[PDB]
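Take a look at this one chain, the form deposited without the DNA, written out in structure tokens.
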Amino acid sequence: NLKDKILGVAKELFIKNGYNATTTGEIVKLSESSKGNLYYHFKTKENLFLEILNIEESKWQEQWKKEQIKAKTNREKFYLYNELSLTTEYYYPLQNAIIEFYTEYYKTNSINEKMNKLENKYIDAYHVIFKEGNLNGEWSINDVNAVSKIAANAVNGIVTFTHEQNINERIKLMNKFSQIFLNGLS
């Protein structure tokens, strides 16, 4: 494909090198397509990167819905989502390029637009879990939105900053966190 085969070459690049580290010159060569091409449906570079973040967020959200069936109660869904977070191939892998990207493009009032666009799509799973858990009487959370943002970010932090200790240790610290957290909601 075209725009679709570029979005891949980019993803690979942003993940492998970082937001700046990778350039359009690079993208184009390996993607194999005149630069101008990129300019059509991919206005700027933020547009391309912001693009990938959306697809990646969506791919992940989709994977989770197709896997959350294995968790009967919302309590389990909390535990599970946080566990899978550590192993997916989606979105989380380029959380580091997001750190760059923000610091490097953080002074454009276009900053909080698509950038908050994601916030909402990223804390969604938690909103459902807690909301539904509230209905489902698994706990009573007066401020679902606050708790979802906290959980989302706390978890993202655990997945992103412990990227060296052996995988199974991670799975366990994560489960201890999920435990302490939910325990604090009651």
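In this text, rigid core is short for the largest set of C-alphas that superpose within 1.5 Å between two forms. Throughout, we count residues from 1 along the sequence that is shown.
Keep in mind the form solved in complex with the DNA is missing from the figure; the text below concerns it.
This chain is displayed alone, yet in the deposited bound form one of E132, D143, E32, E62 has a heavy atom within 4.5 Å of the DNA; that residue is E32. Heavy atoms of every residue among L2, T24 and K45 are located within 4.5 Å of the DNA in the deposited bound form. With a 4.5 Å cutoff on heavy atoms, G157 does not count as touching the DNA in the deposited bound form; it lies far away. Proximity of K70 to the DNA in the deposited bound form: non-hydrogen atoms within 4.5 Å are absent; the residue sits far from the partner. Interface residue remark: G137 is not counted as part of the site for the DNA in the deposited bound form, having no heavy atom within 4.5 Å. Contact annotation: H41 falls within 4.5 Å of the DNA in the deposited bound form, judged by heavy atom distances. Exactly one of the stretches 24 to 32, 114 to 122, 53 to 61, 146 to 154 approaches the DNA in the deposited bound form with heavy atoms within 4.5 Å, and it is 24 to 32. Comparing the two forms between this form and the one not shown on the rigid core, the single residue of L38, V147, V155, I123 with a CA shift of 2 Å or greater is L38. Superposed on the core, the two forms barely differ at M174: its CA moves less than 2 Å between this form and the one not shown.
With the core superposed, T87 shows a C-alpha displacement below 2 Å between this form and the one not shown.
The Cα shift for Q165 between this form and the one not shown, taken after rigid core superposition, is smaller than 2 angstroms.
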